[PDB]
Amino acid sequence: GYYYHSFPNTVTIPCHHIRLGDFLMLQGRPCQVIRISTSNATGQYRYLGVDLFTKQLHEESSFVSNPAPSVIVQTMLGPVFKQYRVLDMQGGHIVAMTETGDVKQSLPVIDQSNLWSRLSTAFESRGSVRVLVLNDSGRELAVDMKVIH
């Protein structure tokens, strides 16, 4: 929103800031966007994405909000990520630890954009590596990485 005018574990993203490859909630599912089009009927943006967990395709159109006179905004929802430290890497999954010390013994890593390989080289050469983590009804998934500098 803004000052208050408004547009779970999701943030509102204006559509002009959405690009191919971004993660969005489509039909309630975390997806990587693979196509952006415009509806002939409504003129709104339409998003086609691949579910990060199930790999199924989902489509959803933007939501048009009009919170104030002459303010008209198309938005989608994106997921909120958690950042965990990486303590160990064993056979496609990692031992991670949260900001408060909570150990996650077997966190799977998404098979996407060479993440396991990029994570391993960054881990091999550990303290500065973080994983970005999404949750699907209790199921956590490492979907990206970050080296803190």
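Numbering starts at 1 and runs along the sequence shown.
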{"query": "Deposited but uncoordinated residues in the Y3/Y4 interval", "finding": "4 to 9"}
{"query": "Count class of coordinate-free deposited residues lying between the neighbours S125 and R126", "finding": "1 to 3"}
{"query": "Comparing 92-100 with 54-62, the one whose average Cα B-factor in the PDB entry is higher", "finding": "92-100"}
{"query": "Segment of higher mean CA temperature factor, 37-45 or 116-124", "finding": "116-124"}
{"query": "Assigned third (lowest, middle, highest) for the C-alpha B factor of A68", "finding": "highest"}
{"query": "Ranked C-alpha temperature factor of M145 among modelled chain residues, by third", "finding": "middle"}
{"query": "B-factor third for the C-alpha atom of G138 within its chain", "finding": "highest"}
